[PDB]
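Accompanying notes for the structure given below.
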Amino acid sequence: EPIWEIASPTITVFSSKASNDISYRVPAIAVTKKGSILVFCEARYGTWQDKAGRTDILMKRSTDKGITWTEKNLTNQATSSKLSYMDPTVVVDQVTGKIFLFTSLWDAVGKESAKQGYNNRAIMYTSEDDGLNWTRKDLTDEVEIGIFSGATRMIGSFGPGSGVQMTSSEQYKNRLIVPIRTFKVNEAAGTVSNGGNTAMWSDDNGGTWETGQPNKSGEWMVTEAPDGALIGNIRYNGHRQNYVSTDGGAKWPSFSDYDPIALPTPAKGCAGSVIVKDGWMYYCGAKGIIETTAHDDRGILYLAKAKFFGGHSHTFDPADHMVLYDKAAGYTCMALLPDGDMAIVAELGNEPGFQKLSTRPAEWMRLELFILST
């Protein structure tokens, strides 16, 4: 039985300034072949609100488990831009060591909720030199989504968080799996609606990308079980949903909701994280607290673990829950370190939840790195 511990004092990778200056949201983490940690996040200028103005995708890279860092701005939007990069989603090719990061480019400022996502573009950033340099590629028009029950679909967004490479699967060996979320297009109204989630995958180290059949919708991440089954976890209000594909991401017919006691979450939901190590599955996210007028319901970072036992069956024991932080806790992502450690990045704050103010002070949220050891 693995028993984890915060092996050091936690590191603060990103710290938000005043909401009206710049805020850092939605962290994604990846460990490169060499052993370098890459932490990606959304840089929201002038506001904290979703899809409310200009945004960049930022990355901080550390070669020494977070002691020293370098920062890069991958997107570099002109200050004039009114577009919003969102939902950084990353996967690493453990063959080539090539790193892929996916982000959705919205044109949503001012538009109504149903038309905010209409113009979304699916953007991919790849790096072949351990994160030092990145190539940009717009997949919006190369990557087609099937017509299902007559419906027109588009890529809505990704993850957020991390995908997975299928290393335990012989049938789909080394397939790169990226969690996507589709939109159903209404061409006569100019609106979009949720089309369900599926996988976007590549069997040729990212040269070509193919999609599967969507089903359930919601922010989600995906990992691979010891038996090659893809195990996803979807955000819902008050519960997490299991989301399993046994055919390499093409279809997602198996799903069930976790009891709140096994995997608790805020009443209004929050993005969580999943990963697998040595036949154990881990979920990490906010436990959820009672929201008040001052702060939301996103509090208490925790990590849960379950042992696979029937191929990819598993049961999260609440007795195996490990609390990591008692105050505000939000979006999370996880990665595996070469030395056997586990890297966890998370949104944290100092109030029991995150603050609700129109303008929120510096350090109202930070992206904190955890290093856990067995």
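Computed from heavy atoms alone, side chains included, the values below leave out hydrogens, waters and symmetry copies. Residue numbers start at 1 and run along the sequence shown.
- Partners of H321 under the ring pair (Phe, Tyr, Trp, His ring centres under 6.0 Å) rule, at least two apart in sequence or in another chain, are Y302.
- Within the structure, the salt bridge (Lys or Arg N to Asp or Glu O under 4.0 Å) test picks out the following pairs touching residues 91-114 (sequence neighbours left out): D107-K111.
- Listed by first then second residue, pairs satisfying salt bridge (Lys or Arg N to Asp or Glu O under 4.0 Å) with a partner in residues 185-207 read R175-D203, not counting sequence neighbours.
- Cation-pi geometry between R54 and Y45 is met: the NZ or CZ atom falls under 6.0 Å from the ring centre, inside 45° of the normal.
- Cluster partners of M86, using a side-chain heavy-atom cutoff of under 4.5 Å among ILVMFWY residues and allowing indirect links, are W106, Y118, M154, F183, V185, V192.
- With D296 contributing its side chain and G353 its backbone, the two residues share no donor-acceptor pair below 3.5 Å.
- With side-chain heavy atoms closer than 4.5 Å counting as contact, directly or through intermediates, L132 stands alone and belongs to no larger hydrophobic cluster.
- Cluster partners of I290: none. The rule joins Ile, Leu, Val, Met, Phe, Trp and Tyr whenever side-chain heavy atoms lie under 4.5 Å apart, and it links nothing here.
- Residue pairs that meet the salt bridge (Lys or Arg N to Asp or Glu O under 4.0 Å) test with at least one member in residues 16-34, sequence neighbours left out, are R25-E347, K34-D130.
- Taking the six-membered ring for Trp and thresholds of 30 and 60 degrees, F316 and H314 have ring planes more than 60 degrees apart, a perpendicular arrangement.
- Remark: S313 pairs with no residue by the side chain to side chain donor-acceptor pair (under 3.5 Å) rule, at least two apart or across chains.
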Distance-only check: which donor-acceptor pairs under 3.5 Å involve side-chain atoms of residues 365-374, not counting sequence neighbours?
from: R366; atom 1: NE; to: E368; atom 2: OE1; distance (Å): 3.3
from: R366; atom 1: NH1; to: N350; atom 2: OD1; distance (Å): 3.1
from: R366; atom 1: NH2; to: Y325; atom 2: OH; distance (Å): 2.8
from: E368; atom 1: OE1; to: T12; atom 2: OG1; distance (Å): 2.3
from: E368; atom 1: OE2; to: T10; atom 2: OG1; distance (Å): 2.3
from: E368; atom 1: OE2; to: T12; atom 2: OG1; distance (Å): 3.3
from: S373; atom 1: OG; to: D341; atom 2: OD1; distance (Å): 2.7

- Item | Derivation and outcome, salt bridge (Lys or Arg N to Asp or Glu O under 4.0 Å), residues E142 and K137 | CA-CA 10 Å; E142 312 193 342; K137 173 133 178 234; 3.6 Å; yes
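- A salt bridge links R181 with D87: the distance from a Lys NZ or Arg NE/NH1/NH2 to an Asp or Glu carboxylate oxygen falls below 4.0 Å.
- Partners of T293 under the side chain to side chain donor-acceptor pair (under 3.5 Å) rule, at least two apart in sequence or in another chain, do not exist in this structure.
- Pairs engaging residues 271-289 under the side-chain hydrogen bond (donor to acceptor under 3.5 Å, both in side chains) rule: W4-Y282 [sequence neighbours left out].
- Between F14 and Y24, the angle of the ring planes lies from 30° to 60°, which puts this pair in the tilted group.
- Listed by first and then second residue, the salt bridge (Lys or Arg N to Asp or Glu O under 4.0 Å) pairs involving residues 262-272 are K268-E291 (not counting sequence neighbours).
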